[PDB]
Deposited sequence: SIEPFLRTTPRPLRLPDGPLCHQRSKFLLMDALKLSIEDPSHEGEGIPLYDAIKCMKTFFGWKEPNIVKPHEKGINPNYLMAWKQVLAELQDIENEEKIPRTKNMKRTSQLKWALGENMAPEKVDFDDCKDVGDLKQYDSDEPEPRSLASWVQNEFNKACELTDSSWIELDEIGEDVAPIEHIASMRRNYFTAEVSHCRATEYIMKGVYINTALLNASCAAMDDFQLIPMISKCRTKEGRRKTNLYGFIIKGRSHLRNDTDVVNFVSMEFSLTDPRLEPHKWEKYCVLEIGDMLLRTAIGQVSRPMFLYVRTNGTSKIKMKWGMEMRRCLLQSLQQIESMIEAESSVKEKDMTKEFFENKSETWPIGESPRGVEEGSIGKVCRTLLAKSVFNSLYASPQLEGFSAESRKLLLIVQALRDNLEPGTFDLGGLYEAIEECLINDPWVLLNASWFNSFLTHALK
C-alpha cells in the first residue's frame, strides 16, 4: 500500500471543443420515413423496383422538389437534378411492358459529379444520445421471427435497433449484388425492409434509394461511392449541424393525425454522397451477429445470478420484472430497468458499434476496456497498478476527435466514472 495522496484517481476523459458533430451513418436512423404497402395474404417477394413504385403510390402528396437546406460544399442543383432523374427513370420503368429486375441509370453530368466519376475536432451534439434512446425503444412492428432464447427474441423482435439490422443487411446485400453484377453502371437500388404489424400482416417498407457508382472491388479496402436519397419528416432546420454532409429537398406534403386533428407536414428527401468498402459492405451484411453478441452478453449475465442461487434464473428474470439493472440516467440519478430493457440497450449498443464502425471506435474500445478494469479494481479497493494511466489516457483521448459515436461513448464512460468513484 502507498500513502493516499500518491494514489492516482482516474480523471474524466477530455472531450474536444469545436462545432457540433454531424451525422455519418450510411443511412438515416431515427429520421427515416417508410412508405409501406401491406403485402398480399401469401406475402410473396415482389421485385425491388416494383415494390418501390407501389410503395411510392401509397403517398398522395408528391410535389415539385425544392432545395430547403443546401450542402455547404456541394453543387446543390446536381442533387436536385439527381432526384428528378430518379423519378424520370422510375417513370421510364412504368412506361415499359414489365418492371425490370435492375435499373442502370443514365450517366448524366449530375451523377458523374455526385459519384466522383476529417481531422478537425467537433463537440458532442445532443442528437447522438437521442438516436441511441430511439434505438432502445419498441416499435409497433416485428422485425424478426422466433434453447430458451425466445425470451430474448420476444424482448428485441419489435426493438428499433432490430429494424436497423434488417435495413442494413438488406441494403448492403443489394449493394454487394449490384457491385458484382454491374461494376461500371450507376444502378438504382431501393432501400427496403419487411416487418409484421400487431395484426400479423406482412408489410414492405421503402426508405428511399441509393445510386451505386463505379464498383471494381478487387480488394476489401476498395471503395464504391453512392448517393443516398432518403425520405424523412424531420425538418433540417431543427438541428442543422446534424445535416452538414447533406443536401435536403422538400418533396411532398404528408397528412398526419395530431391533437388539433389532421395536419399537413412537409416530407423531405435527405441526399448525400457517401462510400463504403467491400469489407464494410460485408460487415453490414453480418449485422444479425449483433443479436447473437447481445444474446451472449444477456446469457453470461444471467449465468452470474444463476451461479449465485445455484439455480437457473432465466425464467424468473424475463417473467418477473422485479429484478433490475442500472441502464439509464437523468438529473435525478441512475435508473434501473427490467431484463427486457437490458436486452434492448445491449442490442442497440452492438448495432451502433456496427452502424458507426471506425478505427477511432476500435482504439477507444481496446484502450477504454483497460481503464474500465482499473476503475472496477479501484471500486473494489484492490490497489491496481496505475503507472500507465498517462499512456492509457493519451491513447484514448487521441480517439476523441469528431466521431459522434466515440464521443458519446466517452461521455457515457465519464458518467459511469462519476457514479463508480462517488
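Absent C-alpha positions map to the deposited sequence ranges 118-141, 171-185, in order along the chain.
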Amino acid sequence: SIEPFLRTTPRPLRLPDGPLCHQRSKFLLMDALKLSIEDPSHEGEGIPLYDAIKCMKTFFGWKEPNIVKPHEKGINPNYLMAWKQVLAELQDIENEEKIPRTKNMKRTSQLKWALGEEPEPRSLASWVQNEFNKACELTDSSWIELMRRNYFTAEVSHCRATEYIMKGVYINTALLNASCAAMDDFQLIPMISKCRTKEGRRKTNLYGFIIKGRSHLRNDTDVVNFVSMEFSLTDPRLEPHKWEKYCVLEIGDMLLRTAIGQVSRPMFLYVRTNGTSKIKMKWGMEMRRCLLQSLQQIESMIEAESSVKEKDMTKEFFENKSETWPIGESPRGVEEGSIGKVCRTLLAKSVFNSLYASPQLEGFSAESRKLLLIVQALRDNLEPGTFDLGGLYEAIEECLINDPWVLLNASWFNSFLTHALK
From here on, numbers count along this sequence of modelled residues.
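The stretch with the higher mean CA B factor, choosing between 329-337 and 131-139, is 329-337. Higher mean CA temperature factor, per the PDB entry, when comparing 191-199 with 105-113: 191-199. In this structure the maximum Cα B-factor among 275, 252, 261, 284 is found at 261.
Across 122, 344, 73, 288, the entry's maximum B-factor at the CA atom is seen for 73. Residue 39: CA B factor in the highest third of modelled residues in this chain (values from the PDB entry). The deposited CA B-factor of residue 311 belongs to the highest third of values across its chain. When the modelled residues of the chain are ordered by C-alpha B-factor, residue 12 sits in the middle third.
In this PDB entry, residue 240 carries a Cα temperature factor that places it within the lowest third of its chain's modelled residues. Among all modelled residues in its chain, residue 158 ranks in the middle third by Cα B-factor.
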